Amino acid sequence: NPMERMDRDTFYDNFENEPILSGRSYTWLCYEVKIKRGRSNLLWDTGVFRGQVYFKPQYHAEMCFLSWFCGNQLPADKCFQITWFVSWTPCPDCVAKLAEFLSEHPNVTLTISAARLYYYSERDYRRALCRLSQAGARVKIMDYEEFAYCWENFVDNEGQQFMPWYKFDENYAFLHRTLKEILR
(Lines of atoms letter the chains of each structure in order from A and count residues from 1; the text may use other names and numbers.)
(Lines give C-alpha, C1' and ligand atoms only; values in the text may rest on other atoms or scores of the structure.)
Protein backbone atom coordinates (compact mmCIF):
# COMPACT_ATOMS: atom_id res chain seq x y z
CA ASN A 1 0.00 0.00 0.00
CA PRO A 2 2.93 2.38 0.60
CA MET A 3 5.70 2.52 -1.99
CA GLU A 4 9.39 2.03 -1.31
CA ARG A 5 10.69 5.15 -3.08
CA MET A 6 9.63 7.99 -5.35
CA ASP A 7 11.36 8.97 -8.56
CA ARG A 8 13.67 11.99 -8.79
CA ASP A 9 11.20 14.15 -10.74
CA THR A 10 8.51 13.60 -8.10
CA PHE A 11 10.88 14.45 -5.24
CA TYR A 12 12.04 17.70 -6.85
CA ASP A 13 8.50 18.74 -7.84
CA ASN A 14 7.03 18.12 -4.38
CA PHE A 15 9.70 18.87 -1.78
CA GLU A 16 10.92 22.31 -2.93
CA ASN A 17 10.68 24.41 0.22
CA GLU A 18 9.15 27.58 -1.33
CA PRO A 19 6.87 29.01 1.39
CA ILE A 20 4.37 30.13 -1.27
CA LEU A 21 3.91 27.34 -3.80
CA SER A 22 0.97 26.61 -6.10
CA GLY A 23 -0.02 23.39 -7.84
CA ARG A 24 1.26 20.84 -5.31
CA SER A 25 -2.14 19.31 -4.59
CA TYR A 26 -0.58 16.16 -3.08
CA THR A 27 1.21 15.54 0.18
CA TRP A 28 4.10 13.09 -0.01
CA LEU A 29 4.97 11.42 3.30
CA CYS A 30 8.23 9.52 3.79
CA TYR A 31 8.27 7.51 7.00
CA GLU A 32 10.66 5.56 9.16
CA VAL A 33 9.28 3.36 11.91
CA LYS A 34 11.98 2.55 14.46
CA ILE A 35 11.99 0.49 17.63
CA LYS A 36 13.71 2.84 20.05
CA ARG A 37 14.87 2.29 23.61
CA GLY A 38 17.62 4.69 24.70
CA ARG A 39 20.72 3.78 22.70
CA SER A 40 19.05 0.95 20.78
CA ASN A 41 17.59 2.32 17.56
CA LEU A 42 16.37 -0.31 15.09
CA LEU A 43 15.06 0.62 11.68
CA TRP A 44 11.85 -1.40 11.46
CA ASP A 45 9.83 -0.14 8.49
CA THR A 46 10.20 2.52 5.79
CA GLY A 47 8.13 3.66 2.87
CA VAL A 48 6.33 6.49 1.11
CA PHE A 49 2.66 7.50 1.02
CA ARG A 50 1.01 9.99 -1.30
CA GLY A 51 -2.31 11.60 -0.46
CA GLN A 52 -4.31 14.72 -1.18
CA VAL A 53 -3.66 18.02 0.58
CA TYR A 54 -7.34 18.90 0.36
CA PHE A 55 -10.53 16.84 -0.10
CA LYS A 56 -11.83 14.84 2.85
CA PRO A 57 -9.25 13.64 5.41
CA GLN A 58 -9.77 9.99 4.41
CA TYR A 59 -7.78 10.87 1.27
CA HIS A 60 -4.89 12.47 3.17
CA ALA A 61 -1.39 11.03 3.43
CA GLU A 62 -1.48 11.26 7.23
CA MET A 63 -4.61 9.09 7.45
CA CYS A 64 -3.19 6.72 4.81
CA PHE A 65 -0.24 6.29 7.15
CA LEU A 66 -2.32 5.96 10.31
CA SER A 67 -4.62 3.34 8.78
CA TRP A 68 -1.63 1.34 7.53
CA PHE A 69 0.20 1.64 10.88
CA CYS A 70 -2.75 0.47 12.98
CA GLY A 71 -3.40 -2.44 10.60
CA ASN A 72 0.19 -3.55 10.07
CA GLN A 73 2.38 -2.40 12.97
CA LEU A 74 -0.21 -2.75 15.75
CA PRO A 75 -1.13 -4.49 17.94
CA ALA A 76 2.34 -4.35 19.48
CA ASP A 77 3.90 -3.33 22.80
CA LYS A 78 7.16 -1.96 21.39
CA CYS A 79 8.33 1.61 21.86
CA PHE A 80 7.95 3.11 18.39
CA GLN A 81 9.65 6.24 17.15
CA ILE A 82 7.92 7.42 13.98
CA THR A 83 9.76 9.91 11.77
CA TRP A 84 7.98 11.63 8.89
CA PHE A 85 9.47 13.65 6.07
CA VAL A 86 6.49 15.44 4.58
CA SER A 87 6.06 17.93 1.78
CA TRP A 88 3.26 19.75 3.68
CA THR A 89 2.39 19.79 7.40
CA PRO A 90 -0.98 18.19 8.35
CA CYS A 91 -4.39 19.78 8.00
CA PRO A 92 -6.26 20.63 11.22
CA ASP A 93 -8.48 17.55 11.04
CA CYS A 94 -5.47 15.25 10.74
CA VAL A 95 -3.81 17.13 13.62
CA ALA A 96 -6.80 16.19 15.77
CA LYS A 97 -6.68 12.51 14.77
CA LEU A 98 -2.90 12.37 15.26
CA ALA A 99 -3.11 14.11 18.63
CA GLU A 100 -5.79 11.66 19.77
CA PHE A 101 -3.71 8.74 18.50
CA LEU A 102 -0.63 9.93 20.41
CA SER A 103 -2.58 10.49 23.63
CA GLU A 104 -3.92 6.91 23.47
CA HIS A 105 -0.56 5.32 22.54
CA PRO A 106 2.07 6.57 25.00
CA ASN A 107 4.50 3.98 23.57
CA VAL A 108 4.57 5.93 20.26
CA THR A 109 6.49 9.14 19.59
CA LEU A 110 6.18 11.07 16.34
CA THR A 111 8.53 13.54 14.66
CA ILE A 112 7.32 15.48 11.63
CA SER A 113 9.88 17.32 9.47
CA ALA A 114 8.14 19.31 6.75
CA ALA A 115 9.38 20.90 3.54
CA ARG A 116 6.60 23.52 3.66
CA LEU A 117 3.86 24.69 6.01
CA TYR A 118 0.23 23.92 5.22
CA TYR A 119 -1.73 27.17 4.62
CA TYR A 120 -3.66 27.34 7.90
CA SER A 121 -6.68 29.58 8.36
CA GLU A 122 -6.64 32.47 10.84
CA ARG A 123 -8.28 30.25 13.47
CA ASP A 124 -5.93 27.27 12.90
CA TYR A 125 -2.69 29.20 12.41
CA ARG A 126 -1.67 29.43 16.08
CA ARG A 127 -3.72 26.39 17.16
CA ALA A 128 -3.31 23.33 14.93
CA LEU A 129 0.42 22.63 15.11
CA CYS A 130 0.50 23.94 18.67
CA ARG A 131 -2.05 21.28 19.65
CA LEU A 132 -0.02 18.56 17.94
CA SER A 133 3.19 19.69 19.63
CA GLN A 134 1.36 19.76 22.99
CA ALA A 135 0.34 16.14 22.48
CA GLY A 136 4.08 15.39 22.36
CA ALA A 137 4.89 15.37 18.64
CA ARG A 138 8.06 17.11 17.50
CA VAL A 139 7.23 19.40 14.56
CA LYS A 140 10.13 20.97 12.66
CA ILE A 141 11.16 22.32 9.26
CA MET A 142 13.19 19.95 7.08
CA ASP A 143 16.84 21.05 7.03
CA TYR A 144 19.52 20.29 4.44
CA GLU A 145 20.68 17.11 6.19
CA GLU A 146 17.12 15.75 6.10
CA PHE A 147 16.67 16.53 2.39
CA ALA A 148 19.91 14.67 1.70
CA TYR A 149 18.79 11.78 3.93
CA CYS A 150 15.52 11.62 1.97
CA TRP A 151 17.32 11.71 -1.36
CA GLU A 152 19.39 8.73 -0.22
CA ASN A 153 16.60 6.59 1.22
CA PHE A 154 13.25 7.57 -0.35
CA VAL A 155 14.28 8.54 -3.91
CA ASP A 156 15.29 6.34 -6.85
CA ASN A 157 18.32 8.58 -7.19
CA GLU A 158 20.18 6.10 -9.46
CA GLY A 159 23.55 7.41 -8.29
CA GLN A 160 22.70 11.10 -8.75
CA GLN A 161 23.35 13.66 -6.01
CA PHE A 162 20.79 15.93 -4.39
CA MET A 163 21.01 19.41 -5.96
CA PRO A 164 19.36 21.94 -3.61
CA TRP A 165 17.28 24.87 -4.81
CA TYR A 166 19.10 28.20 -5.02
CA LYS A 167 16.74 29.77 -2.47
CA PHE A 168 17.02 26.80 -0.08
CA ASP A 169 18.76 28.71 2.71
CA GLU A 170 16.51 31.76 2.84
CA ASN A 171 13.39 29.62 2.40
CA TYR A 172 14.46 27.47 5.34
CA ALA A 173 15.12 30.55 7.47
CA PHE A 174 11.70 32.03 6.75
CA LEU A 175 9.92 28.73 7.41
CA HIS A 176 11.82 28.08 10.66
CA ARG A 177 10.90 31.54 11.97
CA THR A 178 7.24 31.14 11.00
CA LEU A 179 6.97 27.74 12.66
CA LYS A 180 8.62 29.07 15.83
CA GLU A 181 5.88 31.72 15.94
CA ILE A 182 3.15 29.12 15.30
CA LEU A 183 4.42 26.99 18.22
CA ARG A 184 5.00 30.02 20.55
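Position 1 is the first residue in the sequence shown; the rest follow in order.
Two stretches are in play, 148 to 156 and 64 to 72, and the higher mean C-alpha B-factor belongs to 148 to 156. Averaged over Cα atoms, the B-factor as recorded in the entry is higher for 35 to 43 than for the other of 35 to 43 and 49 to 57. When the CA B factors of the chain's modelled residues are split into thirds, the value for residue 78 lands in the highest one. Residue 126: CA B factor in the highest third of modelled residues in this chain (values from the PDB entry). Split the chain's modelled residues into thirds by C-alpha temperature factor. Residue 20 is in the lowest one.
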